[PDB]
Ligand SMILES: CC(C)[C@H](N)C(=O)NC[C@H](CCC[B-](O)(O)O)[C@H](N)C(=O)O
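This document opens with one chain alone, in structure tokens, the form solved without the named molecule.
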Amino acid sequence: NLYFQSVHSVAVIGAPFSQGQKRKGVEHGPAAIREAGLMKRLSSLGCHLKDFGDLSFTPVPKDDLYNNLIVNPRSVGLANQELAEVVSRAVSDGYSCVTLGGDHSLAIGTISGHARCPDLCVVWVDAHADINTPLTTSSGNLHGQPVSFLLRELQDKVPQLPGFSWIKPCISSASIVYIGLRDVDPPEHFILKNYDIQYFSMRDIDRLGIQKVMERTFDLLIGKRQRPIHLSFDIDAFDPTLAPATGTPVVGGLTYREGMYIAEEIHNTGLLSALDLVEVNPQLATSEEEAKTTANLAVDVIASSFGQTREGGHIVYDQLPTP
């Protein structure tokens, strides 16, 4: 194959995080996405691949939990400062940065690195809003807290944490739109409602349909002017039947077809500047088929974000072979 509808410059990062939460086995995530055949698929889409590989992470020996709840603040904060540089390296070069997880904590870095493109906009695709402040959280796991640090208006409600001094608020209220919300905690709900954070919960997808959801997502974000899109995609935004290998599985999720639609609609704006793919936990499966379904689903999302569709036509066919 030598002809394609569009050629994309794709930078792939493997971030094996496991300290952002407490459930072990989410570190094997970027490795399972590769075993499924991610790079082979991106190559068949006519992409200029620039693999940064699986990054090695070292935990800080003396790392006390802040305010006796926030587990591993130094180990996550430092790892995110460095991942932000790898993302800023690729984006400045002209590459679209794909980050394989791991847990949703790595989103602090990817979005901050992307920002270094100031007029960016995020599309959060999760079952959870991940907008908990270090005070309002109940679990202590930082994977449910990344959006708080990135928002400009939440600066006064978020305290200075150890190894979090490097973060500067980059994205405003109108610059983030959520999709697939079904497990929102009481303080998380207050933040969205009061700070005018426009969102599309599972209920809003039921009422309007994935087509209207995406249309409205782009009318709010890239409506005023053309803006680079950051797509933070969490595997648990899909129904547990489709994505059983995840730490926080919430029933009544997005269908395979809904996720693919989201991914395709992102690809059709031609503004996807970075993508996150998180919560793939191969240790959270009851069978090999369940482990492989989640991995293939993850690949499908990334591929659909860079051309892959149901109609096909990503690969351009020259002429019909005459007999």
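Residue numbers here begin at 1 and follow the sequence given. Rigid core (definition): largest C-alpha set, two forms, superposition within 1.5 Å.
> So if we fit everything on the core, which stretch drifts more in 8 other deposited structures of this protein, 89-97 or 228-236, C-alphas only?
Result of the core-fitted comparison in 8 other deposited structures of this protein: 89-97 deviates more.
> Between 280-288 and 253-261, where do the CA atoms move more in 8 other deposited structures of this protein, taking the root mean square over the structures and residues after a core fit?
When 280-288 and 253-261 are compared in 8 other deposited structures of this protein, 280-288 lies farther out.
> Please figure out whether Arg116 and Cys117 are truly consecutive in the deposited sequence or have unmodelled residues between them, and give none, 1 to 3, 4 to 9, or 10 or more.
Per the record, 1 to 3 deposited residues are absent between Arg116 and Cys117.
> 133-141 versus 159-167: which one carries the higher mean Cα B factor per the record?
Going by the record's values, the stretch with the higher mean is 159-167.
> Using only the Cα atoms and their B-factors as the entry lists them, report which of 32-40 and 54-62 averages higher.
Comparing 32-40 with 54-62, the higher average CA B-factor belongs to 54-62.
> Could you say which of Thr255, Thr269, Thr286, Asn296 has its CA atom at the highest B factor, as listed in the PDB entry?
Out of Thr255, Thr269, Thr286, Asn296, the record gives the largest C-alpha B-factor to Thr286.
> Among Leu83, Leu181, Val122, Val98, single out the one with the highest C-alpha B factor in the record, please.
Out of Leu83, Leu181, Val122, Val98, the record gives the largest C-alpha B-factor to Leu83.
> What third of the chain does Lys22 rank in for C-alpha temperature factor, lowest, middle or highest?
Within its chain, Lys22 is a highest-third residue by C-alpha B-factor, going by the deposited values.
> What third of the chain, by the recorded C-alpha B-factor, contains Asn281?
As the PDB entry reports it, the C-alpha B-factor of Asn281 lands in the middle third of its chain.
> Could you look up the Cα B-factor of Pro73 in the entry and say which third of the chain it sits in: lowest, middle or highest?
It falls in the top third of the chain.
> Relative to the other modelled residues in the chain, which third contains the C-alpha temperature factor of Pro240: lowest, middle or highest?
Answer is lowest: the recorded C-alpha B-factor places it there.
> Looking at the C-alpha B-factor of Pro16, is it in the lowest, middle or highest third of its chain?
Answer is highest: the recorded C-alpha B-factor places it there.
Beyond what is shown, the protein has a form solved in complex with the named molecule; the following relates to that form.
> From the list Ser175, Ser75, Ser88, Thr248, which entry has a heavy atom within 4.5 Å of the named molecule in the deposited complex?
Exactly one listed residue reaches within 4.5 Å, namely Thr248.
> I need the one stretch from 89-97, 180-188, 167-175, 205-213 whose residues put non-hydrogen atoms within 4.5 angstroms of the named molecule in the deposited complex.
The contacting stretch here is 180-188.
> Looking in the deposited complex, any heavy atom of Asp130 within 4.5 Å of the named molecule?
The answer is yes: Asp130 has a heavy atom within 4.5 Å of the named molecule.
> Is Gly144 near the named molecule? Define near as a heavy atom within 4.5 Å, in the deposited complex.
Contact check for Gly144: yes, within 4.5 Å of the named molecule in the deposited complex.
> Would you check, heavy atoms only and a 4.5 Å threshold, whether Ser139 touches the named molecule in the deposited complex?
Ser139: contacts the named molecule in the deposited complex.
> Heavy atom within 4.5 Å of the named molecule in the deposited complex: which residues of 277-315 qualify?
Going through 277-315 in order - heavy atoms within 4.5 Å of the named molecule in the deposited complex - there is one hit, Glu279.
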